[PDB]
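Reading through the structure tokens given below for one structure.
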Amino acid sequence: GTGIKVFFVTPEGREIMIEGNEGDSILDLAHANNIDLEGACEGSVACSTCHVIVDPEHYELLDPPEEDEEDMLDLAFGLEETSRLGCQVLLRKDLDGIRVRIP
Ligand code: FES
């Protein structure tokens, strides 16, 4: 398929499954579907409002975070081992079925 499944759990504990395309960031999908993941700095790696926690399995599939993301993540509330900036995790076909939780 061209659709890539993304499972979202919101801070309220709601669970949503949506499909994205290659290139779509988790932040885009969030906005596209009224998941309340704010993107203060609009993808410029200058905030932490797009912080999401990805499942461990798909986490290792990802291009690891660059230095600007890592550093910014240190201001993110609720940081975990598999935390990422949602605007920096972009969908690929091998990431199908990825789970993101919004702290
Ligand atoms: S929107 Fe600010 S870092 Fe992703």
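Derivation of every value follows stated rules applied to the coordinates shown; laboratory data play no part. Using ideal geometry, Cβ is built from the backbone for each residue, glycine included, and neighbour counts are taken over all protein chains shown.
Which of 58, 31 comes first, and how do the rest follow, when ranked by fewest Cβ neighbours within 10 Å?
31, 58
At a 10 Å Cβ-Cβ cut-off, how would you order 8, 77, fewest neighbours first?
Listed from fewest to most nearby Cβ atoms, that is 77, 8.
Looking at 52, 29, 89, which one has the Cα that reaches farthest to the positive end of the dipole of the chain (charges on Cβ: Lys, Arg +1; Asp, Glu -1)?
So the residue furthest toward the plus end is 29.
Only sites in a loop by DSSP and with at most 16 other Cβ atoms within 10 Å count here; which GluC sites (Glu not before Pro) in the stretch 1-85 make the cut?
12, 22, 38, 42, 66, 80, 81
When 29, 75, 95 are ordered from fewest to most other Cβ atoms inside 10 Å of their Cβ, what list results?
With the sparsest Cβ surroundings first, the list reads 75, 95, 29.
State the antiparallel share, in %, of DSSP beta bridges confined to the chain, rounding to the nearest 5.
That works out to approximately 75 percent antiparallel.
Using Cα-Cα distances under 8 Å and only pairs 6 or more residues apart, what relative contact order does the chain have, in percent?
It rounds to 42 percent for the chain.
When the dipole is taken about the Cα centre of the chain, and only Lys, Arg (+1) and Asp, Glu (-1) are charged at their Cβ, what size is it in debye, to the nearest 20?
Once rounded to the nearest 20, the dipole reads 500 debye.
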